[PDB]
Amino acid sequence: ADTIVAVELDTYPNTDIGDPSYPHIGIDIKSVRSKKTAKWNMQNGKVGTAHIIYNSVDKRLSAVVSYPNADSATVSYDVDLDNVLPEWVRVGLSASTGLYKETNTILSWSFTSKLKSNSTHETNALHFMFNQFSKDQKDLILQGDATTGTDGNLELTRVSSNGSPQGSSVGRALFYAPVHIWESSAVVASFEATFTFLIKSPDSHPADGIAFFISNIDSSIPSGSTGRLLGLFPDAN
């Protein structure tokens, strides 16, 4: 089905499916059951920043999530992405709410993929940066309940006009152009993703999380992937 590789900012601990007993960041390879996790001291109502990095030489997918004036949370996992993802992929953001809710607002998003060939001065690159979103953001593919424009932000899950987050919501935002992650002549290949988010909930138990993902080009929201499955996976296997 959809080949998924994602870094989840999981706000709700579903221990029955492997989530530890606290908010956390995790590296998911084809499954919602993180291959590796790290405790995340989430701050309700605060704007945070997540950094995802990876290069073909070291073969390690790492993420660093921090908030201003606080210590960072870091998680790493050794994975040869070439062995998992197709040649052409699409990058994006996903978020959902189940019985519990939260806003899943994106205020800025930037990505950069580089492929360096063995040729003299040969380098292929893509780089997008959104520091503000428009009502008609033509270079983005919105799936589910995701919308842009509301005071220049990307609302991944449904937020009522009064500012209250809705439950049972799922939405994803993908960049319009496919990204070339593997090249036969490439000696070095790497990508860098960064985004500022704002998880806010009037409850003491927000859910379910935000996730940066990389999938096959024709990826779409799996059925009933609201809640714990973050709009990325079809089941909890």
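Sequential numbering from 1, following the sequence displayed.
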query: Flanks modelled, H121 absent in at least a third of other entries; finding: yes
query: Between 75-83 and 162-170 (mean CA B-factor, as deposited), the higher; finding: 162-170
query: Higher-B stretch (mean Cα B-factor, as the entry records it), 119-127 or 104-112; finding: 119-127
query: Per the PDB entry, maximal CA B factor within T150, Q143, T97, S94; finding: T150
query: Residue, from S215, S225, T11, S21, that the PDB entry assigns the highest Cα B-factor; finding: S21
query: CA B-factor ranking of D28, expressed as a third of its chain; finding: lowest
query: Third of the chain, ranked by Cα B-factor, where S201 sits; finding: highest
query: Where the record places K138 (Cα B-factor, split into thirds across the chain); finding: middle
query: Chain thirds of CA B-factor: placement of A207; finding: lowest
query: B-factor third for the C-alpha atom of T49 within its chain; finding: lowest
